[PDB]
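Report on the following structure.
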Amino acid sequence: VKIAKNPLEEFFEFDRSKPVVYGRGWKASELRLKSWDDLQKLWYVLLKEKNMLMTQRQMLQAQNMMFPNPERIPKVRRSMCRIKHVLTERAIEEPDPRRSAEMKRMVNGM
Amino acid sequence: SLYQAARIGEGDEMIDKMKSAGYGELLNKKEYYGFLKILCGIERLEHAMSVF
Amino acid sequence: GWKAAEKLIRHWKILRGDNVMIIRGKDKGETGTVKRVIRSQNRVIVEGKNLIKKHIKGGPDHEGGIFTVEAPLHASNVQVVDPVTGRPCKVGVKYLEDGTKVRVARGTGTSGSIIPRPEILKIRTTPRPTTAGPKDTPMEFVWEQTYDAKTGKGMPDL
Amino acid sequence: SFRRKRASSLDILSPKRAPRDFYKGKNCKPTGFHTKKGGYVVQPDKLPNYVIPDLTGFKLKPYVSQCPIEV
Amino acid sequence: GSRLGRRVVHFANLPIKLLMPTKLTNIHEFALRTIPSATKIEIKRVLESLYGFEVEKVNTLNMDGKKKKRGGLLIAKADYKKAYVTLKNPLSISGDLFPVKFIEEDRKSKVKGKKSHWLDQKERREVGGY
Amino acid sequence: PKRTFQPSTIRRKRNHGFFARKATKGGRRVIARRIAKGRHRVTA
Amino acid sequence: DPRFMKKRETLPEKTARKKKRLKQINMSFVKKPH
RNA sequence: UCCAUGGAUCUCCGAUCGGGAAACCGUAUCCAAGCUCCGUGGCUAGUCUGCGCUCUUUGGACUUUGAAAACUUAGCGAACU
RNA sequence: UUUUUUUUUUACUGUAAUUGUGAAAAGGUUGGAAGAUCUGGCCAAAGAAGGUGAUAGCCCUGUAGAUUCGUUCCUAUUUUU
RNA sequence: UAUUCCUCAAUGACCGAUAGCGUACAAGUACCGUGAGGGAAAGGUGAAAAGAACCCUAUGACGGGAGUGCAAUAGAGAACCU
RNA sequence: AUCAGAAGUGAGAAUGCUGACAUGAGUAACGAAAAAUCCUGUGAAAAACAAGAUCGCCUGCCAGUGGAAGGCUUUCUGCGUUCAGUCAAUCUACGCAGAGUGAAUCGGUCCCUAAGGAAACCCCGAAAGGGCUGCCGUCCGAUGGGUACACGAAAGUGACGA
Ligand SMILES: [K+]
Ligand SMILES: [K+]
Ligand SMILES: [K+]
Ligand SMILES: [K+]
Ligand SMILES: [K+]
Ligand SMILES: [K+]
Ligand SMILES: [K+]
Ligand SMILES: [Mg+2]
Ligand SMILES: [Mg+2]
Ligand SMILES: [Mg+2]
Ligand SMILES: [Mg+2]
Ligand SMILES: [Mg+2]
Ligand SMILES: [Mg+2]
Ligand SMILES: [Mg+2]
Ligand SMILES: [Mg+2]
Ligand SMILES: [Mg+2]
Ligand SMILES: [Mg+2]
Ligand SMILES: [Mg+2]
Ligand SMILES: [Mg+2]
Ligand SMILES: [Mg+2]
Ligand SMILES: [Mg+2]
Ligand SMILES: [Mg+2]
Ligand SMILES: [Mg+2]
Ligand SMILES: [Mg+2]
Ligand SMILES: [Mg+2]
Ligand SMILES: [Mg+2]
Ligand SMILES: [Mg+2]
Ligand SMILES: [Mg+2]
Ligand SMILES: [Mg+2]
Ligand SMILES: [Mg+2]
Ligand SMILES: [Mg+2]
Ligand SMILES: [Mg+2]
Ligand SMILES: [Mg+2]
Ligand SMILES: [Mg+2]
Ligand SMILES: [Mg+2]
Ligand SMILES: [Mg+2]
Ligand SMILES: [Mg+2]
Ligand SMILES: [Mg+2]
Ligand SMILES: [Mg+2]
Ligand SMILES: [Mg+2]
Ligand SMILES: [Mg+2]
Ligand SMILES: [Mg+2]
Ligand SMILES: [Mg+2]
Ligand SMILES: [Mg+2]
Ligand SMILES: [Mg+2]
Ligand SMILES: [Mg+2]
Ligand SMILES: [Mg+2]
Ligand SMILES: [Mg+2]
Ligand SMILES: [Mg+2]
Ligand SMILES: [Mg+2]
């Protein structure tokens, strides 16, 4: 109903019912107040949401059905861009050379 | 650990908690020199002089 | 059939919600209020004027029949009504004491009063939702602070 | 999403449309080294490690609420 | 710190798009779509660490994007990679989730056109491929 | 009858490929001429 | 520490400027609805 | 939305770290210096010193000049007519 | 170290203000629609040009200019071994 | 003093869709050749899409009425002014 | 208008150039001496489509199995008949939409070389370039030789015709 029982149930929108309403995305001024732990957790929450939205679009388009509310995906995408810009902005402002060069790798690493 | 992670306020408050917990006789000159070495190695000289 | 090499209008002296008078066309001499401005065609829609009749075929979703909606006018076919004398007038630009741009009546025979900016512009076209959604962060959680560079609150796991 | 290309881009050789000994690859990162006997050895230091913190009990959400509160 | 490993990733961004399986109960494997530069070890570790799967094996294949040519004009979609992931324990998907019921009801529209013995199993493992 | 074009991809790349044209001075002038004309397929 | 011590347009630029002007000229006319 | 200035990110070939069926493959460069964390060895054992790498800063060792229409100056230099 | 400030004045292809500002009245008739025709006012350092339901100086965007910004100068970039 | 891969402004008893650059239109494209290389065609509804609801006859309206519009042989799906 | 001026200035023919449209003419032809017949169904229309029954043809180079070279989605499912099929086609290798290719062992990548190609060093040459691949010497190149570490070699070999 409200909680997935499996990891497979996380690729679906379980709260979709009555028009459902979604908010706007995070602003950089709102992200500048949060810690690194909260920003990492928010990055992974947005990553799971983006995987759900792309899965839902693919599943609905595979049966010639329309994808409802396509504007959810760019909101998540640009919020995830803003998180990385905020973290890189802090990594510039770090005064120790080794710590700054390690924080830039922690942000941009892949 | 908190001084190596540059969490200066929490490390200071942990110092004060160790004071109020009745362990303050352990802070000899050696451990304060260790804290100063950590802070100077991570370039926090203002808090290093505060700890001084 | 848009054969003419027509440039765009970059700064509009005609705003949505203004009271105008149509000076040219089939409905010449009739007053109204601007409902929408089509910028990409240099055209406006006057509320209830310049009507057309559309034959729309109805399917399983929309109703058929012959409807009647407004058709756009060209943006040079309307002219702003002077608020004092009621006759149409031109619009010029005046700077106030602060240095705020306003629109003043211009033309010989006009009062030179200030054309007021319509009040419909501040009202949102899509109103804000009453209730939050199940994936919306309430504003009491966003505004809390966990990062502080001076005290070193919330530093990473270096 | 459909996007426009050039019709001359079909001439670039790809291993799906090539003789059997043509190898191109897809810019994946390597994880080990080739042997002299045609095998492969996976060096475990080159495998990626993911640091994903525990997300249970987190209070922030993907979207920010847009209810009318104040100017 | 950097002494922990040569390749440490703190912000993964691997996009995974799940394909809807045929049956709702006793799922032993599932398929997904991702970018062509993903590796079996990357997909297995992302799926284990981020979602909590118990992955046994990962099998991949490459696909070309769909193309349309009308004599000089060419339009196309991006290439993708399809992966099969085999689970150690069977899982299930509830019917009440959107858009599962619509997918099944649209799938059954296209396809319109007893002697049990002793020691006979019921739910056997249905895994394809090599 | 046996016609004149008998295809082989490795022979095509070894005679009219990019690095086969880039190897000699005549082929480099061919590449310059093609780019100056504006051909979409500079090499074969 | 040696850190705390105190210490014409090219042809590609002209081509990029011309290209941007060429786009801006096309974007100055009334769009034909279709 | 848009504009001005400054920033963060910024895949690959052409192409130059090596190979090459252009858009692919393989790649921790090397050596001195001084600094937080790390582990291990050894003393008569206390603000005791001595060995290493990984990653960071500052130098210096190897090399990567590089395109382009016409004009200019040179070399060799026809035949039809 | 920073901030406020005395700071002259012209030139400018600076083809600067992408697209800033920038003058000029009403009636009658025909016509699908007025810019046409008749009566009759006004601007011009602006009657180059392009639109608006036909051919518009005064319906729209512009144009001449006038204001604002910014390169030299006044106001020397000096002082030290 | 020479030239224009380039930039800005201006002019024409220069051309006006078999003309003018090969290209007014997604052209060095389509297409031809192993390769160097050769190399096209194709402009216009109406002021505004108001682009023909509805009825009849055919499998099917592009037909006959009705309606929009000044005008419907001005009724088109890279094409409808004369 | 008139009077002057500048010319890419006047078409019936160049086996002239480009486009459009006639004639032959509703004529030839509908492409391998395997071959078709019927009941039912769908549809506006069935000799040509679906399913079934009866008959025939191919069996070591037109006709069966797997696949190299080449092709590049032609594969499968639903919808459709504007184009194509030597049809008036409901069908399809045709149009629209979606889906499909799972490897430690298969085939490659990797290691090693042949014929051959190229750098370095050296030699020659108006320029461009040409030779040389070894006495100490490098990198590529299968149509061949190899399948559970790295380094070295005055050890054996790998190793071969009709
Ligand atoms: K002669
Ligand atoms: K001006
Ligand atoms: K007008
Ligand atoms: K005018
Ligand atoms: K007509
Ligand atoms: K002739
Ligand atoms: K084959
Ligand atoms: Mg990145
Ligand atoms: Mg128009
Ligand atoms: Mg592109
Ligand atoms: Mg293939
Ligand atoms: Mg690569
Ligand atoms: Mg595979
Ligand atoms: Mg290279
Ligand atoms: Mg030069
Ligand atoms: Mg201007
Ligand atoms: Mg004006
Ligand atoms: Mg004009
Ligand atoms: Mg007319
Ligand atoms: Mg032409
Ligand atoms: Mg003509
Ligand atoms: Mg023509
Ligand atoms: Mg070709
Ligand atoms: Mg119709
Ligand atoms: Mg006309
Ligand atoms: Mg002539
Ligand atoms: Mg003639
Ligand atoms: Mg003849
Ligand atoms: Mg002819
Ligand atoms: Mg006959
Ligand atoms: Mg005859
Ligand atoms: Mg006959
Ligand atoms: Mg029958
Ligand atoms: Mg049959
Ligand atoms: Mg027989
Ligand atoms: Mg034979
Ligand atoms: Mg096809
Ligand atoms: Mg088929
Ligand atoms: Mg046919
Ligand atoms: Mg038919
Ligand atoms: Mg069919
Ligand atoms: Mg098909
Ligand atoms: Mg093998
Ligand atoms: Mg050799
Ligand atoms: Mg040689
Ligand atoms: Mg040589
Ligand atoms: Mg070489
Ligand atoms: Mg080799
Ligand atoms: Mg072989
Ligand atoms: Mg042998």
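Every chain in the structure tokens has a letter given in the order shown (A, B, ...), and although residue numbers restart at 1 in each chain, ligands are simply numbered from 1 in the order shown.
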List as a ChimeraX atom specification the protein and nucleic acid residues lying within 12 Å of ligand 32, with only C-alpha atoms (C1' of nucleotides) and all ligand atoms counted.
/K:27-30
For residue 62 of chain H, work out the shell of residues within 12 Å, counting only C-alpha atoms (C1' of nucleotides) and skipping chain neighbours fewer than 6 positions away, then give it as a PyMOL selection string.
chain H and resi 17+29-30
Just N, CA and C atoms (P, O5', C5', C4', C3', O3' and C1' of nucleotides) for this one: save the residues we selected as a PDB file, in the first residue's frame.
```pdb
ATOM      1  P     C H  17      51.042  13.297 -26.555  1.00  0.00           P
ATOM      2  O5'   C H  17      51.654  11.930 -26.021  1.00  0.00           O
ATOM      3  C5'   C H  17      53.052  11.761 -25.880  1.00  0.00           C
ATOM      4  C4'   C H  17      53.372  10.419 -25.280  1.00  0.00           C
ATOM      5  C3'   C H  17      53.148   9.215 -26.180  1.00  0.00           C
ATOM      6  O3'   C H  17      54.216   8.985 -27.083  1.00  0.00           O
ATOM      7  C1'   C H  17      52.178   8.807 -24.070  1.00  0.00           C
ATOM      8  P     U H  29      52.129   7.820 -14.145  1.00  0.00           P
ATOM      9  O5'   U H  29      53.198   6.883 -14.862  1.00  0.00           O
ATOM     10  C5'   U H  29      53.616   7.136 -16.201  1.00  0.00           C
ATOM     11  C4'   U H  29      55.117   7.275 -16.309  1.00  0.00           C
ATOM     12  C3'   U H  29      55.887   7.037 -15.010  1.00  0.00           C
ATOM     13  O3'   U H  29      57.197   6.550 -15.324  1.00  0.00           O
ATOM     14  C1'   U H  29      56.299   9.212 -15.753  1.00  0.00           C
ATOM     15  P     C H  30      58.077   5.747 -14.236  1.00  0.00           P
ATOM     16  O5'   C H  30      59.543   6.355 -14.390  1.00  0.00           O
ATOM     17  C5'   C H  30      59.743   7.735 -14.683  1.00  0.00           C
ATOM     18  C4'   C H  30      60.840   8.345 -13.841  1.00  0.00           C
ATOM     19  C3'   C H  30      60.853   7.940 -12.372  1.00  0.00           C
ATOM     20  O3'   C H  30      62.210   7.968 -11.936  1.00  0.00           O
ATOM     21  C1'   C H  30      60.588  10.268 -12.524  1.00  0.00           C
TER      22        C H  30
END
```
Could you tell me, counting only C-alpha atoms (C1' of nucleotides) and all ligand atoms, which protein and nucleic acid residues lie no more than 10 Å from ligand 7, written as an NGL selection string?
(:D and (19-20)) or (:K and (67-71))
Can you tell me which residues sit at most 8 Å away from ligand 13, counting only C-alpha atoms (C1' of nucleotides) and all ligand atoms, written as a PyMOL selection string?
(chain E and resi 59-61) or (chain K and resi 102-103)
Grab the residues selected above and save them as a PDB file, in the first residue's frame with C-alpha atoms (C1' of nucleotides).
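Done, and the output landed in selection.pdb:
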```
ATOM      1  CA  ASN E  59      24.194 -11.225 -18.272  1.00  0.00           C
ATOM      2  CA  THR E  60      24.442  -8.356 -20.765  1.00  0.00           C
ATOM      3  CA  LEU E  61      23.869  -7.679 -24.463  1.00  0.00           C
TER       4      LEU E  61
ATOM      5  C1'   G K 102      21.781 -13.655 -22.322  1.00  0.00           C
ATOM      6  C1'   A K 103      28.793 -17.362 -22.758  1.00  0.00           C
TER       7        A K 103
END
```
Contacts of residue 80 of chain J at 12 Å or less, counting only C-alpha atoms (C1' of nucleotides), minus same-chain residues fewer than 3 places along, as a list in words?
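The residues satisfying every condition are residues 1 of chain C; 44, 45, 46, 51, 72, 73, 74, 75, 76 and 77 of chain J.
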The selected residues should be written to file as a PDB file, in the first residue's frame (atoms: N, CA, C and O atoms (P, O5', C5', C4', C3', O3' and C1' of nucleotides)).
```pdb
ATOM      1  N   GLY C   1       0.603  31.511 -45.544  1.00  0.00           N
ATOM      2  CA  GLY C   1       0.444  32.684 -46.377  1.00  0.00           C
ATOM      3  C   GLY C   1       0.993  33.919 -45.707  1.00  0.00           C
ATOM      4  O   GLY C   1       0.554  35.031 -45.973  1.00  0.00           O
TER       5      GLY C   1
ATOM      6  P     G J  44       5.212  26.029 -53.600  1.00  0.00           P
ATOM      7  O5'   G J  44       4.683  27.510 -53.356  1.00  0.00           O
ATOM      8  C5'   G J  44       4.671  28.075 -52.053  1.00  0.00           C
ATOM      9  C4'   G J  44       3.923  29.382 -52.011  1.00  0.00           C
ATOM     10  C3'   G J  44       2.446  29.302 -52.375  1.00  0.00           C
ATOM     11  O3'   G J  44       1.701  30.188 -51.545  1.00  0.00           O
ATOM     12  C1'   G J  44       3.530  30.853 -53.786  1.00  0.00           C
ATOM     13  P     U J  45       0.788  29.602 -50.365  1.00  0.00           P
ATOM     14  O5'   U J  45      -0.700  29.909 -50.827  1.00  0.00           O
ATOM     15  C5'   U J  45      -1.243  29.334 -52.003  1.00  0.00           C
ATOM     16  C4'   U J  45      -2.745  29.310 -51.935  1.00  0.00           C
ATOM     17  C3'   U J  45      -3.383  30.554 -51.348  1.00  0.00           C
ATOM     18  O3'   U J  45      -3.590  31.561 -52.317  1.00  0.00           O
ATOM     19  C1'   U J  45      -4.269  28.634 -50.297  1.00  0.00           C
ATOM     20  P     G J  46      -3.244  33.087 -51.990  1.00  0.00           P
ATOM     21  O5'   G J  46      -4.249  33.464 -50.827  1.00  0.00           O
ATOM     22  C5'   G J  46      -5.623  33.647 -51.095  1.00  0.00           C
ATOM     23  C4'   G J  46      -6.426  33.691 -49.824  1.00  0.00           C
ATOM     24  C3'   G J  46      -6.076  34.792 -48.845  1.00  0.00           C
ATOM     25  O3'   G J  46      -6.623  36.045 -49.209  1.00  0.00           O
ATOM     26  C1'   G J  46      -6.326  32.750 -47.686  1.00  0.00           C
ATOM     27  P     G J  51     -12.982  26.044 -40.143  1.00  0.00           P
ATOM     28  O5'   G J  51     -11.632  25.227 -39.924  1.00  0.00           O
ATOM     29  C5'   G J  51     -10.475  25.441 -40.734  1.00  0.00           C
ATOM     30  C4'   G J  51     -10.446  24.525 -41.928  1.00  0.00           C
ATOM     31  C3'   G J  51     -10.147  23.057 -41.628  1.00  0.00           C
ATOM     32  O3'   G J  51     -10.999  22.235 -42.416  1.00  0.00           O
ATOM     33  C1'   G J  51      -8.704  23.846 -43.307  1.00  0.00           C
ATOM     34  P     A J  72     -17.099  31.089 -54.305  1.00  0.00           P
ATOM     35  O5'   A J  72     -16.109  30.100 -55.061  1.00  0.00           O
ATOM     36  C5'   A J  72     -14.819  29.809 -54.537  1.00  0.00           C
ATOM     37  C4'   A J  72     -14.503  28.336 -54.589  1.00  0.00           C
ATOM     38  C3'   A J  72     -15.715  27.420 -54.532  1.00  0.00           C
ATOM     39  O3'   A J  72     -15.471  26.226 -55.272  1.00  0.00           O
ATOM     40  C1'   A J  72     -14.359  27.061 -52.626  1.00  0.00           C
ATOM     41  P     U J  73     -16.606  25.636 -56.248  1.00  0.00           P
ATOM     42  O5'   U J  73     -15.801  25.155 -57.523  1.00  0.00           O
ATOM     43  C5'   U J  73     -15.330  26.100 -58.470  1.00  0.00           C
ATOM     44  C4'   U J  73     -13.905  26.485 -58.187  1.00  0.00           C
ATOM     45  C3'   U J  73     -13.187  27.196 -59.327  1.00  0.00           C
ATOM     46  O3'   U J  73     -12.158  28.028 -58.782  1.00  0.00           O
ATOM     47  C1'   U J  73     -12.101  25.168 -58.868  1.00  0.00           C
ATOM     48  P     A J  74     -12.457  29.477 -58.150  1.00  0.00           P
ATOM     49  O5'   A J  74     -11.513  29.518 -56.871  1.00  0.00           O
ATOM     50  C5'   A J  74     -10.119  29.341 -57.034  1.00  0.00           C
ATOM     51  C4'   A J  74      -9.372  29.091 -55.743  1.00  0.00           C
ATOM     52  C3'   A J  74      -9.805  27.942 -54.857  1.00  0.00           C
ATOM     53  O3'   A J  74      -9.434  26.680 -55.373  1.00  0.00           O
ATOM     54  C1'   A J  74      -9.141  29.800 -53.548  1.00  0.00           C
ATOM     55  P     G J  75     -10.322  25.380 -55.072  1.00  0.00           P
ATOM     56  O5'   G J  75     -10.016  25.019 -53.555  1.00  0.00           O
ATOM     57  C5'   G J  75      -8.725  24.580 -53.160  1.00  0.00           C
ATOM     58  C4'   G J  75      -8.771  23.450 -52.158  1.00  0.00           C
ATOM     59  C3'   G J  75      -9.289  22.111 -52.680  1.00  0.00           C
ATOM     60  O3'   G J  75      -8.577  21.058 -52.039  1.00  0.00           O
ATOM     61  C1'   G J  75     -10.566  22.778 -50.830  1.00  0.00           C
ATOM     62  P     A J  76      -8.157  19.739 -52.851  1.00  0.00           P
ATOM     63  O5'   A J  76      -6.595  19.635 -52.600  1.00  0.00           O
ATOM     64  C5'   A J  76      -5.740  20.682 -53.007  1.00  0.00           C
ATOM     65  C4'   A J  76      -4.537  20.795 -52.113  1.00  0.00           C
ATOM     66  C3'   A J  76      -4.035  19.514 -51.481  1.00  0.00           C
ATOM     67  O3'   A J  76      -3.281  18.731 -52.386  1.00  0.00           O
ATOM     68  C1'   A J  76      -3.937  21.319 -49.933  1.00  0.00           C
ATOM     69  P     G J  77      -3.323  17.131 -52.310  1.00  0.00           P
ATOM     70  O5'   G J  77      -2.051  16.757 -51.445  1.00  0.00           O
ATOM     71  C5'   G J  77      -2.184  16.549 -50.047  1.00  0.00           C
ATOM     72  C4'   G J  77      -1.013  17.109 -49.284  1.00  0.00           C
ATOM     73  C3'   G J  77      -0.134  16.055 -48.625  1.00  0.00           C
ATOM     74  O3'   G J  77       1.223  16.490 -48.629  1.00  0.00           O
ATOM     75  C1'   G J  77      -1.094  17.454 -46.964  1.00  0.00           C
TER      76        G J  77
END
```
Which residues of chain E sit at most 6 Å from chain A, using only C-alpha atoms? Give each one's shortest atom pair and distance in Å (one decimal place), in chain and ascending residue order, as a tab-separated table.
```
residue	atom	partner	partner_atom	distance
E:9	CA	A:110	CA	5.3
E:16	CA	A:51	CA	6.0
E:17	CA	A:55	CA	4.6
E:18	CA	A:55	CA	5.6
E:51	CA	A:7	CA	5.8
E:97	CA	A:14	CA	5.7
```
6 Å from ligand 3 is the threshold here; counting only C-alpha atoms (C1' of nucleotides) and all ligand atoms, which polymer residues fall inside it? Answer as a count of residues only.
4
With only C-alpha atoms (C1' of nucleotides) and all ligand atoms counted, collect every polymer residue having an atom within 9 Å of ligand 4; state the result as an NGL selection string.
:I and (35 or 50-51 or 56-57)
Could you give me the residues within chain E that DSSP places in helix (DSSP H, G or I), as a PyMOL selection string?
chain E and resi 40-51+100-110
